[PDB]
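First comes one chain, alone, set out as structure tokens in the form deposited in one PDB entry.
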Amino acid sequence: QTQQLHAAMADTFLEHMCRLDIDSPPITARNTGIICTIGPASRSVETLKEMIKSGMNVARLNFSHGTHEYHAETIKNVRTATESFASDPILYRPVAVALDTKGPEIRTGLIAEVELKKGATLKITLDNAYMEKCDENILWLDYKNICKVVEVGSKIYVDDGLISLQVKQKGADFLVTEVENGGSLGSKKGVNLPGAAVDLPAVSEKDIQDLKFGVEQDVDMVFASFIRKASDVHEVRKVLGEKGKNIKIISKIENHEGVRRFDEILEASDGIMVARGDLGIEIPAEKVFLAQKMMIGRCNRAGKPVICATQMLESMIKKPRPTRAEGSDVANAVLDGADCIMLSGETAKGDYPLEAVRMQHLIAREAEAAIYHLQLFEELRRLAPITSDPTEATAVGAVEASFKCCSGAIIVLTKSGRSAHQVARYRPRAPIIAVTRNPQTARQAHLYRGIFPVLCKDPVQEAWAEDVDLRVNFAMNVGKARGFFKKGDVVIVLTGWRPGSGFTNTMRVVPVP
């Protein structure tokens, strides 16, 4: 009568649906990471403490706005609030810090507003004499290569898709367009080129400086904007360089080229953000659910983290409760298989930052139980390469074992995170407690569905066996304290055959002491 275990037993997906039960309560542990954008609503130490207690695992800093000193104080506040729980490692929740880059943009110049008439002509010019003299006849852009990347018939969107232009003739340093969808044109408006291969650099002058700030500020991950190809990922990696080699690169897929070149992008990245906001400007909004499900599926298939983002609980900016469409959207992202779900304006500037978080947490947990693990696991098992790698064999064996005995947890010792990530890719129902002494591994582990990172602070015991056991019991204490299991329950424990990374090979079924 709990955790949708009746529906879990259904031999078909239809009967699985039919069995979903509002009176079947979930478990305590919530497996989907919650990423919260920080802003004036949620930036104080006191409000960040409650953000943490409400379920925030990752603090997102949006670098489209705010100075470096502004962002350094946000990061300070986040760390002050996070370490205010440090005294008891058993309860301490790690919180990661994500730097989301502004990235390359196309801006128009100065106009004050002009009215564009649907069906009228408008000329785009790269001639800087019209740079501060834009009007309903002539509009200047700052993308000096635009003529090389568009064709007669190509569409140009101005001000987050509000205005739609179609190129009717191309010149030298100008294009002549017809206004499809008119409206009020303004100054300094964002511009998108649906379907174009935009040749703006992978990282802007500003991103370059912001990225190097992220290294100095010891950020855990970068959300890299407007990634269109693998070479763009490689430039971000290169800018972060040697000292930033362990910072995770999440590519943001925000346009048609990124969706189409997705495979090469995913290969080069540590993870992916389905940036639905900008993506639904670049592509028809009715197609966005296809790109989301395709991307979640392919990341799931590759074992790489995927984040569903933007407007998930949007009304909660003004109202203390979501719309039904919004709660549907969060549940369905989890059902699709997103590792993480994201809050933007709902936490940064909204009237109800805490309710928004607490709601993603309630929905995430309800949806995690509603997942059809029976076919999910079968398909991932079917789709799993037969290879000699002992660490993979061990990971899959532990997930199989966890389903067999419906265990309270899969406990994993990990230095880098990788052994825990390997378990997460098989989508166990039980929560993965990733015991680590590496504080960065513990913060970054939040990117993966099911992983519950715990930061062990005990000294290394001189007998290695004792030291392993010490960390395994730390994990049992965390599970007991957090209410994931109780003394007598069975849990699965993963360890390796010598110290250091890459030797995970040992799966035990143990009672909770």
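Only residues modelled in both forms are compared. Throughout, we count residues from 1 along the sequence that is shown. Heads up, when I say rigid core I mean the largest set of C-alphas that superpose within 1.5 Å between the two forms.
Compared with other entries of the same protein, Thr80 falls outside the group left without coordinates by a third of them; all model it where both flanks are modelled. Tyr372, present in the displayed chain, carries coordinates in each of the other PDB entries compared that cover both sides of it, far from a third leaving it out. Per the record, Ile111 and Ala112 are separated by 4 to 9 deposited residues that are missing from the model.
Same protein, other form: the form deposited in another entry, not shown, and the subject of what follows.
Fit the rigid core and compare the CA positions between the shown form and the other one: of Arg237, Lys189, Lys304, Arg79, just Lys189 moves by 2 angstroms or more. Compared with the form shown here, the Cα atoms of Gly153 and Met294 move at least 3 Å farther apart in the other entry.
Relative to what is shown, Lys349 and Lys189 are closer in the other entry; their C-alpha atoms differ in spacing by at least 3 Å. Listed in sequence order, the shifted runs between the shown form and the other one are 106-110, 112-202, counting only residues present in both forms whose C-alphas move 2 Å or more over at least three consecutive positions once the core is aligned.
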